[PDB]
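The next block holds one structure in the form of structure tokens; read it before the comments.
Each chain gets a letter, A, B and so on, in the order its sequence line appears, and its residues count up from 1. First listed ligand is number 1; within each ligand, the first listed atom is number 1. As a basis for the values below, the full set of heavy atoms in this structure was taken, side chains included, without hydrogen atoms, waters or symmetry mates.
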2 protein chains.
Amino acid sequence: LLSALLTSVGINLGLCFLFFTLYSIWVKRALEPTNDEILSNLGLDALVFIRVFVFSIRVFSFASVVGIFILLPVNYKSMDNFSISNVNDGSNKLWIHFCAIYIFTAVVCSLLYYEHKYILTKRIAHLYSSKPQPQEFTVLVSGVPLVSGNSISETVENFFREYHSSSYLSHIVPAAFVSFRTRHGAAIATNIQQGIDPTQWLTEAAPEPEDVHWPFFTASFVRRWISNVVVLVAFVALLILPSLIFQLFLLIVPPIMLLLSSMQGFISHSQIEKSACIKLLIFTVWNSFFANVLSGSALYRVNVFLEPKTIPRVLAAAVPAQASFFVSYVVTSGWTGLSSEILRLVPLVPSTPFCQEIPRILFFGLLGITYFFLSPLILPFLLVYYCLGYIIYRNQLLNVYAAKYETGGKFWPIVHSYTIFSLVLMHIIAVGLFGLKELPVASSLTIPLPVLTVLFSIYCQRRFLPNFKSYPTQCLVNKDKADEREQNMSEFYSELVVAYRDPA
Amino acid sequence: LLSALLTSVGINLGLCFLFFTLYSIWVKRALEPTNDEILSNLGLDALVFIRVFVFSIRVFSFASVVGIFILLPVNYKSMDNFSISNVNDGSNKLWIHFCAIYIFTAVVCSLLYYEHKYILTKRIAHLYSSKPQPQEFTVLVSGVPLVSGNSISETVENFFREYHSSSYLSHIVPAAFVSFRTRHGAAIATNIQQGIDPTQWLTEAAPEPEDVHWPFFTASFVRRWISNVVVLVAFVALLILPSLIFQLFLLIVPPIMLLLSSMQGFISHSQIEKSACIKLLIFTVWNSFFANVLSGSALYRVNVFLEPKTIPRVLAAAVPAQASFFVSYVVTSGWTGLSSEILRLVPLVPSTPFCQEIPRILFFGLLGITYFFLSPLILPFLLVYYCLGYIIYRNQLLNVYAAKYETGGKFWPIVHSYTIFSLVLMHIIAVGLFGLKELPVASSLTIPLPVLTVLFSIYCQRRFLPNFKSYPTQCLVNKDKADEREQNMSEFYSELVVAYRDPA
Ligand SMILES: CC(C)CCC[C@@H](C)[C@H]1CC[C@H]2[C@@H]3CC=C4C[C@@H](O)CC[C@]4(C)[C@H]3CC[C@]12C
Ligand SMILES: CC(C)CCC[C@@H](C)[C@H]1CC[C@H]2[C@@H]3CC=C4C[C@@H](O)CC[C@]4(C)[C@H]3CC[C@]12C
Ligand SMILES: CC(C)CCC[C@@H](C)[C@H]1CC[C@H]2[C@@H]3CC=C4C[C@@H](O)CC[C@]4(C)[C@H]3CC[C@]12C
Ligand SMILES: CC(C)CCC[C@@H](C)[C@H]1CC[C@H]2[C@@H]3CC=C4C[C@@H](O)CC[C@]4(C)[C@H]3CC[C@]12C
Ligand SMILES: CCCCCCCCCCCCCCCC(=O)O
Ligand SMILES: CCCCCCCCCCCCCCCC(=O)O
Ligand SMILES: CCCCCCCCCCCCCCCC(=O)O
Ligand SMILES: CCCCCCCCCCCCCCCC(=O)O
Ligand SMILES: CCCCCCCCCCCCCCCC(=O)O
Ligand SMILES: CCCCCCCCCCCCCCCC(=O)O
Ligand SMILES: CCCCCCCCCCCCCCCC(=O)O
Ligand SMILES: CCCCCCCCCCCCCCCC(=O)O
Ligand SMILES: CCCCCCCCCCCCCCCC(=O)O
Ligand SMILES: CCCCCCCCCCCCCCCC(=O)O
Ligand SMILES: CCCCCCCCCCCCCCCC(=O)O
Ligand SMILES: CCCCCCCCCCCCCCCC(=O)O
Ligand SMILES: CCCCCCCCCCCCCCCC(=O)O
Ligand SMILES: CCCCCCCCCCCCCCCC(=O)O
Ligand SMILES: CCCCCCCCCCCCCCCC(=O)O
Ligand SMILES: CCCCCCCCCCCCCCCC(=O)O
């Protein structure tokens, strides 16, 4: 089998060039800038995207070295002879895999810990050095009460003038954009329930003026609730070398998810794309990983996940068999993805690659973590993909893309949570596998690993993640005070008050 | 069997009097006061307690009438001949039970809707008419940073003076009680993350000065985290007519749960008792309902709940058989509970009956809802219990109890959530039972009932429940402004600043 896999790779390389030819009928410039240049020139989303690649390179450089030089010779010309499945049942060499599963997990968790601190330092620093933006001082208020004898405008200003008299500026219009004097003031309007009735006078931080999903305002509350039901139904209906054809059809799914999320009741394109990103993560895990591992009907797969006590064995006995599939998958989707982006085949639309690429990076990471333990020969393919991606994307972000919004580093929590999922899924597989390999002690001793990993995640959920949703009082106050001395707020406020005028 | 059940009731009545005799070796006065007198004289917790009884009386007066005059004759001298189990398999009379399950559920949900509105009206009104209390303006800050060259006191005042300069008053002491000028000010300190690091400068509204669990402050953060692990372990270890003996041992469980919760890291006796209340709800559901229904070992019961697709049949086939058990249980625990309280056998300690009685009321409600559908003859026993309870407790709250704290109506969310659980469990049983009774159409059509019930619950979770955790800006501001005209805040503040002095 190894020579067939190498042949497949050669075929895919040949296809790459044939497609470039049909279409027609940089490294130093990408790598030299440092991360501080990325934060100043592109911003936090670009920086997180790059750090996701760095994280993956570190995770898999480690995994590749251990996988290839320590575990691979234990496991060991078919691909299978290099997998854990070639280890004798009951073997004490499985304790090497056991140590590796805790060390690898500890390393991944350590790397996540590091990235959380790194990214937050950059995020707090970004706030302190940046200029004030209209979206930082503006709240979108919705569910404005219908008051006889009064317009929506009158209802909104009376509410905010009465309850936020020290911070209210002005507003524009059953919803309105309300401006505040300070970031802290806006935080209060969005963090503390406003009216007696919590389902009205709803507050959310405003998106950028240029990122407002203006069609949002067309629908009434009932009308948009009806549409979000339709979106969910359509999403589920969507969920429920010829492999190239498969990949080519996957290339149109992101557009589907975006148009689908656009009618779900979001107020911004950032939310629509983030929502589509999440739908793609769900979609890819279901339609690529579980669909190929748990081969069968959609009903069969659903029934598998209704019986938790058997999941470890269903996956431990199903996943290893797909290692050769996934090498092909990664190579095909790898070059399809990278060539598609270089040649701009998608618009031939999101202003950034995040919606479509974060799910590719993360899906590959799922396979990397899962197969480090089970079949290490996948790891060098993933490592090459990530290294090429890193070079290519540093160039594409600097010279090709033109983001129409900034979301701080709000994609980072996706990466964290998805990574914990990848580790936990792998741990579940390992528990099941040590069971199948007749090493029940390891199977039992590995139960605490998912638990500690989840507790680690919870620690991070309480310790780091809240700062990606909002900034704390200490931070916002220090900046509001700095702005009072450093920024010309008397002009900022004149822009702020008309920033959200509907440009029509 | 019916004559044996009547004999058992007669025996229990005889035992009641024998026990009163050994111990020794009002209705108009309880019922005449209205709910406004309860709110003014006893407060919101007493009012909620009474409304829980009113809710149960209305739920079971309805259920008793339908159960006894509509379903009972359909079902129909053993007790079993009056149960749903006596209905022919495949019978169209099961559509009566089917209609009754939706009507009953709609009625219970309607009654919950009503109570949520009623209770909140009383809660908002209570806030507007009451005098300011020290606990409304005080925040307990914990996780105060260790700063070289500075005391904890210095660290706390510098943080609040710098970030809450418009509202800070004073504080007393790795934790401190910090006072604010307004309720809104305190709300900001407790609702918005304070420091950069969310695990430090933690803020929580202070409990009453007389309700502070002072031992809390003895432990360091690590030391109390160690203890809460011990509490969980001890709790689980506790979880894992001779029926009187059983009930008598259950009477010591509340003391165990209270001492157990006292070392878990709570800051007040209100939290300890509420925590114990929750542990008792968990304990009773596990050790009384599931232990008797799912007869077997603890491991067996745990395994039952690891297979969701079979739960409906395991319970549908197990619960109906216990109807005679539960009639005896309700009668025995009913008189044991009421006589124990009248004679003060528990102190021969909580200042109120809430910790111990809310779980009795709610457990009985679980049985009422479950057996309305399956065996209606239980319902009159529950109805008598609730009616006697209502009379007895109105008297005990007015003349016997002396609460050492006020928690608003914070027990109400327990009642809501527990009630939704009771309805959902009953719906699960009904789905399983219509399956067992060969009426698969009803089994299928009942699936939406748990779903709508849960969506109703979610609606209430967003619509009503947040107001039981805190008051909204509109409410707090209207009151802070009223206090500026109506209350002598210049004296309140002098009491506020020393209110939490450790009385030692
Ligand atoms: C059998 C298949 C369908 C299982 C997949 C479901 C679970 C295990 C995975 C798939 C993708 C994941 C999500 C991706 C993005 C986000 C946004 C963040 O703000 C909170 C967590 C959250 C919401 C993740 C939690 C867990 C998740 C929902
Ligand atoms: C077998 C398949 C379906 C995987 C197992 C699913 C369960 C047991 C595990 C795997 C990883 C876990 C998640 C890891 C990260 C986060 C982010 C936070 O915002 C909420 C909790 C949340 C979302 C966890 C919930 C439970 C979780 C989804
Ligand atoms: C098989 C047995 C162990 C099942 C029992 C577990 C579930 C179904 C029940 C038992 C008691 C219930 C709880 C009682 C009190 C409260 C406090 C409130 O602020 C939020 C909900 C919450 C936390 C309830 C949610 C559901 C609950 C946890
Ligand atoms: C068979 C036994 C174990 C019962 C079934 C358990 C599940 C499916 C259901 C029954 C009732 C439900 C609960 C009803 C009320 C609340 C209060 C809110 O604060 C959080 C959600 C929460 C806590 C729900 C979560 C899920 C729930 C616990
Ligand atoms: C198993 C032990 C060996 C471990 C070897 C680890 C090597 C890691 C190399 C990571 C290089 C990442 C460079 C990122 C540069 C950047 O910050 O953009
Ligand atoms: C197990 C065999 C492989 C050994 C490990 C090889 C590590 C290769 C990755 C080095 C970091 C490259 C970072 C990307 C930018 C670049 O190409 O310079
Ligand atoms: C293998 C299961 C456990 C997973 C969790 C491992 C987490 C390890 C990282 C946390 C310790 C970080 C210590 C940093 C100290 C410093 O600041 O120098
Ligand atoms: C028996 C089948 C098991 C699989 C069930 C999968 C359920 C996943 C539901 C989506 C959870 C993520 C919610 C996203 C919230 C958001 O938009 O930020
Ligand atoms: C065997 C199947 C089990 C499936 C378990 C699915 C668990 C879904 C968890 C949803 C998490 C949603 C978190 C949102 C947090 C946020 O709002 O930021
Ligand atoms: C307080 C936080 C607790 C977190 C617990 C997270 C548990 C996630 C599931 C991982 C363990 C699954 C093990 C199944 C073993 C089996 O039953 O065969
Ligand atoms: C039952 C034990 C669960 C432990 C799971 C790991 C949770 C993370 C522990 C903290 C790691 C960071 C240590 C440095 C703390 C500091 O100096 O701030
Ligand atoms: C088969 C899996 C079903 C899902 C149940 C297991 C997941 C339990 C939830 C764990 C995440 C808890 C997130 C809140 C953390 C916190 O307390 O701050
Ligand atoms: C099945 C249809 C018949 C329904 C009959 C319902 C009778 C309900 C009686 C409830 C009385 C509750 C009195 C409570 C007094 C109070 O507010 O304290
Ligand atoms: C199905 C047969 C029973 C018929 C319904 C009987 C209703 C009895 C409850 C009436 C409300 C009593 C309220 C408690 C205070 C009191 O006793 O006056
Ligand atoms: C049987 C499943 C559905 C359960 C949910 C039923 C909820 C019914 C109560 C909501 C409607 C209340 C209308 C009140 C109108 C008014 O204010 O007069
Ligand atoms: C397989 C066994 C199924 C039973 C699992 C029961 C888990 C119940 C855990 C307690 C949930 C309630 C949390 C209370 C939070 C609070 O203190 O307010
Ligand atoms: C078949 C077994 C299923 C068991 C499912 C248990 C679900 C537990 C839900 C816990 C709810 C905790 C809500 C706390 C809300 C709050 O903090 O106020
Ligand atoms: C958006 C909120 C969704 C709420 C969904 C709540 C579902 C709770 C479980 C009740 C239905 C259980 C039916 C099991 C039927 C079976 O599989 O045999
Ligand atoms: C898929 C449909 C789910 C419906 C579940 C019931 C949720 C409650 C609906 C609102 C009931 C109250 C109606 C009165 C509204 C008002 O006038 O304020
Ligand atoms: C076998 C049961 C396992 C538990 C999974 C079913 C319960 C799903 C959670 C439903 C409650 C959601 C509470 C949040 C409501 C909201 O969005 O505001």
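- Looking from atom 16 (C) of ligand 18 to the surrounding protein, the closest heavy atom is B/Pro312 CG, 4.7 Å.
- Between the side chain of B/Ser61 and the backbone N or O of B/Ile57, at least one donor-acceptor pair lies under 3.5 Å.
- Taking the six-membered ring for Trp, A/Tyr113 and A/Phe464 have ring centres closer than 6.0 Å.
- With contacts defined as side-chain heavy-atom distances shorter than 4.5 Å, the pair A/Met426/A/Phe104 qualifies.
- Regarding atom 17 (O) of ligand 13, its nearest protein heavy-atom neighbour is B/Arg51 NH1, 3.5 Å.
- Closest of all the heavy-atom pairs between B/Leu445 and B/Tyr102 is O-OH, 2.6 Å.
- Inside a 4.0 Å radius of atom 4 (C) of ligand 18 there is at least one protein heavy atom.
- Under 4.0 angstrom from ligand 7, there are no non-hydrogen atoms of A/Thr453.
- The six-membered or imidazole ring of B/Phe411 lies away from that of B/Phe49, with a centre-to-centre distance of 6.0 Å or more.
- Aromatic rings from A/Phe373 and A/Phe434 are positioned such that their centres are separated by under 6.0 Å.
- Nearest protein neighbour of atom 12 (C) of ligand 7, counting heavy atoms only, is A/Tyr113 CE2, 3.9 Å.
- In the vicinity of B/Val65, heavy-atom distances shorter than 4.0 Å reach the ligand 13 atoms 1 (C).
- Put simply, atom 7 (C) of ligand 18 has no protein non-hydrogen atoms near it, under 4.0 Å away.
- Protein heavy atoms are found less than 4.0 angstrom from atom 1 (C) of ligand 7.
- Among all non-hydrogen protein atoms, the one lying nearest atom 10 (C) of ligand 13 is B/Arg58 CG, 4.0 Å.
- Considering only non-hydrogen protein atoms, atom 9 (C) of ligand 7 sits nearest to A/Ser110 CA, 4.3 Å.
- B/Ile57 CG2, 4.6 Å is the protein heavy atom nearest to atom 11 (C) of ligand 13.
- At least one side-chain heavy atom of A/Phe456 sits under 4.5 Å from a side-chain heavy atom of A/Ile420.
- Atoms of ligand 18 found under 4.0 Å from any heavy atom of B/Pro450 (numbered from 1 in listed order, with element): 10 (C).
- Nearest protein heavy-atom contact of atom 18 (O) of ligand 13 is B/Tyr390 OH, 2.8 Å.
- With no hydrogens or angles considered, no side-chain donor-acceptor pair links B/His427 and B/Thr446 at under 3.5 Å.
- For the residues B/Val431, B/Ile447, B/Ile428, the heavy atom positioned nearest atom 14 (C) of ligand 18 is part of B/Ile447.
- If you number the atoms of ligand 13 from 1 as listed, the ones under 4.0 Å from a heavy atom of B/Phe62 come out as 1 (C).
- A donor and an acceptor atom, one from each side chain of A/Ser275 and A/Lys279, are located under 3.5 Å apart.
- Contact annotation: B/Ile458 has at least one heavy atom less than 4.0 Å from an atom of ligand 18.
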